[PDB]
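Novice: Provide a 3D model corresponding to the input given below.
(4 chains)
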Amino acid sequence: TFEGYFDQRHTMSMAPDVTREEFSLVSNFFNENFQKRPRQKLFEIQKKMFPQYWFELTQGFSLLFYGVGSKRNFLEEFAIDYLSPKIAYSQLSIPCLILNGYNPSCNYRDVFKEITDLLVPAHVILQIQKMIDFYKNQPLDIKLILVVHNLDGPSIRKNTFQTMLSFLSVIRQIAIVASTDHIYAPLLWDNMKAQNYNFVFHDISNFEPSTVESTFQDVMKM
Amino acid sequence: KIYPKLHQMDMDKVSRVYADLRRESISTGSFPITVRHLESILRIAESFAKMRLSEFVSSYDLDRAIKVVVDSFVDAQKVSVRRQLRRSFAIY
Amino acid sequence: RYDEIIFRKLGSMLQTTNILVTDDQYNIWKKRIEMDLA
Amino acid sequence: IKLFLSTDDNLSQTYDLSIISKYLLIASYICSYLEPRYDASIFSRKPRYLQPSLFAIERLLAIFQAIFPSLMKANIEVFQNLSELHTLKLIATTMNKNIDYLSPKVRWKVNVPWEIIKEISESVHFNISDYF
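Specialist: Numbers count the residues shown, from 1 in each chain, chains lettered A, B, ... in the order given. Please find the structure below.
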């Protein structure tokens, strides 16, 4: 409750120091041994939503994955094993673009180069404006699948990067899948972006450990 | 000449009002709402009955009694809390 | 029950919508009257 | 006569805002002008000429929940309206370059004067004037 907010010399050296290599030991063993089956059982049950996710994607609704736990592996299985093969073998091999947001070295201009090559037949926003006018006359057929891990990533949180991704969902021939971890993530989007994103929300909390994202920030600083 | 008598028909009406007032004063700087404050409701009901020269404390007399007593506790509160108890006791 | 809870939490359309009477409740209503019907 | 009685140098319901939007702005002005000392004294059941001070996002949500007409909670719409006000520039942040909302060091302040908020509360029937 809100009333719980208004109603509110030790040092870490007093704790036993643990080396970086020792830290990875305990984490790896327990991430596999502890809560192994129930999380796998939940994952297998959650696979039953693939037809609904696949149906929603075709209608033009972006899918946002949120909840406690890592979501990198879940997005990998959905797009590669279920989404991409089914579209090709039902519309008649669809390329899938994977963007990592947990890496702070990501650059938006480098990402846009792939988009131009994969979709545009041979000032980023001006090029995007040309694409919208092009795909209006194009048939409503899914051509490229876009997955954006960590849409709250440190290099992705920035307003300029957010604007670039938001304009892409206007074109119906692109499929967008995104995941977030920050609690105040919806604050990053106003009406102008939420309308463009056209999200359909799913709470996919799985308590999956974030080993991959933990690599880019050192625990020894703590 | 007039000494109105009582019948325990509206016991639920008064008792729950007494409990409600006590609950809202458990953590708010306000009147010392105690047993002596409940007695005012009954005695002030007697006055209303004794205004009609009736010998019986009717349901209506307690209705005037409860409204006067409860409103006093609501009015003597801070602004930020007064508007909330305004609606919490709308039954009375 | 657990599957209904997880389906409701996940927002899946597989979970039934409670606008009609449930199958168990209507079955009980039918049977309690059929047993006294003949 | 009416030409001279007004300068008419002005360029011309002044701000179309949702119900969630109106309470969001009302709560913020309290944060920007009331000391943190008085948060518990007034709202818990236990300067008009100065420039506004900064405040944290947690202070805004707590006060917004405290005065909203049982709890309101913070769904996507509440944050959706809050971000729009920043886009509408009725609330300012402590940065100018490479805006990142989720960075913890950024603070918030009110960009709306007293006179506008006066009329907002009237359509809300919230008596702000008694809190000072």
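Novice: ok, now which ones touch the most centrally placed residue in chain B?
Specialist: Centroid-nearest residue in chain B, with Cα atoms, centre = their mean: residue B:66, separated by 3.1 Å. Neighbouring residues of residue B:66 by Cβ atoms under 8 Å, 6 or more residues apart in numbering or on different chains: B:13, B:14, B:17, B:41, B:92. Just so you know, the C-beta spots here come from the backbone N, C-alpha and C atoms, and that holds for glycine as well.
Novice: counting contacts, what elements does the helix or strand harbouring residue A:21 pack onto?
Specialist: Following DSSP states H and E, one finds residue A:21 within helix A:20-33. Using 3 or more Cβ pairs under 8 Å, 6 or more residues apart in numbering or on different chains; DSSP states H and E, no helix or strand is in contact with helix A:20-33.
Novice: continuing past it, what's the next helix or strand?
Specialist: helix A:36-46.
Novice: okay, that following helix in CSV with CA atoms only?
Specialist: In CSV, the C-alpha atoms belonging to helix A:36-46 read as follows (Å, rounded to 0.1, in the frame of the first residue of the first chain):
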residue,chain,number,x,y,z
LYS,A,36,14.6,-28.1,-12.7
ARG,A,37,11.4,-30.1,-13.4
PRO,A,38,8.6,-27.6,-12.4
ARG,A,39,10.1,-24.8,-14.6
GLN,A,40,10.5,-27.3,-17.5
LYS,A,41,6.9,-28.4,-16.8
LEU,A,42,5.7,-24.8,-16.9
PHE,A,43,7.7,-24.2,-20.1
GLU,A,44,6.1,-27.2,-21.9
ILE,A,45,2.6,-26.1,-20.9
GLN,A,46,3.3,-22.6,-22.1
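Novice: mind listing what's buried in stretch C:8-22?
Specialist: residue C:10 (16 or more other Cβ atoms under 10 Å in any protein chain shown).
Novice: Closest residue of chain B to chain D?
Specialist: residue B:79 (4.5 Å; Cβ to the nearest Cβ).
Novice: Now that residue. Nearest residue, chain neighbours left out?
Specialist: Counting by Cβ to Cβ, 6 or more residues apart in numbering or on different chains, residue B:79 lies nearest to residue D:130, which is 4.5 Å off, once chain neighbours are set aside.
Novice: Kindly report the same for residue A:220.
Specialist: Nearest to residue A:220 is residue A:20, by Cβ to Cβ, 6+ apart, at 5.6 Å.
Novice: Spatially central residue in chain D, please.
Specialist: Geometric centre of chain D, nearest residue: residue D:25, 2.6 Å, by Cα atoms, centre = their mean.
Novice: Residue A:196 contacts residue A:166, correct?
Specialist: Yes. Between residue A:196 and residue A:166 there is a contact at 4.4 Å, judged by Cβ atoms under 8 Å.
Novice: got the end-to-end distance for stretch B:19-28?
Specialist: End-to-end span of stretch B:19-28 (Cα to Cα, to the nearest Å): 15 Å.
Novice: hmm, it touching chain A?
Specialist: No. Figure legend: stretch B:19-28 not in contact with chain A (Cβ under 8 Å from any Cβ of the partner chain); closest approach 10.0 Å.
Novice: Residues touching that stretch, excluding its own?
Specialist: The contact list for stretch B:19-28 (Cβ under 8 Å, 6+ apart) reads B:31, B:33, B:37, B:70, B:73, B:77, B:81, B:85, B:88-89, B:92, D:45-46.
Novice: and the gap between residue A:52 and chain B?
Specialist: Using Cβ to the nearest Cβ, to the nearest Å, residue A:52 is found at 42 Å from chain B.
Novice: and that residue, what is it in contact with?
Specialist: Taking Cβ under 8 Å, 6+ apart, we find residue A:52 in contact with C:12, C:13.
Novice: Tell me the secondary structure of it, please.
Specialist: Under DSSP: H, G, I helix; E, B strand; the rest coil, residue A:52 falls in the helix class.
Novice: hmm, back to that, what about the contacts of residue B:66, which one has the most neighbours?
Specialist: residue B:17 (21 neighbours; other Cβ atoms under 10 Å in any protein chain shown).
Novice: centroid residue for chain C?
Specialist: What sits nearest the mean C-alpha location of chain C, by Cα atoms, centre = their mean, is residue C:22, with 2.6 Å.
Novice: returning to what we had before: mark which of the contacts of residue B:66 are part of helices, please.
Specialist: Per DSSP state H, helices hold the following members of these: B:13, B:14, B:17, B:41.
Novice: contacts for stretch D:81-94?
Specialist: For stretch D:81-94, contacts defined as Cβ under 8 Å, 6+ apart pick out A:186-192, D:15, D:18, D:20-21, D:24-25, D:28, D:54, D:60, D:99, D:101, D:105-112.
Novice: Filter those residues down to just the ones in helices.
Specialist: Among the contacts of stretch D:81-94, the residues falling in helices (DSSP H) are A:191, A:192, D:20, D:21, D:24, D:25, D:28, D:60.
Novice: residues in contact with the last one?
Specialist: With contact set as Cβ under 8 Å, 6+ apart, residue D:60 has these partners: D:24, D:27, D:28, D:31, D:82, D:108.
Novice: Need the residues you listed in CSV (columns: neighbour count).
Specialist: CSV is the format used below for these (neighbours: other Cβ atoms under 10 Å in any protein chain shown):
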residue, neighbour count
D:24, 23
D:27, 20
D:28, 26
D:31, 23
D:82, 27
D:108, 22
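Novice: Now for the residues you listed: which two are most distant?
Specialist: D:31 and D:82 (12.8 Å; Cβ to Cβ).
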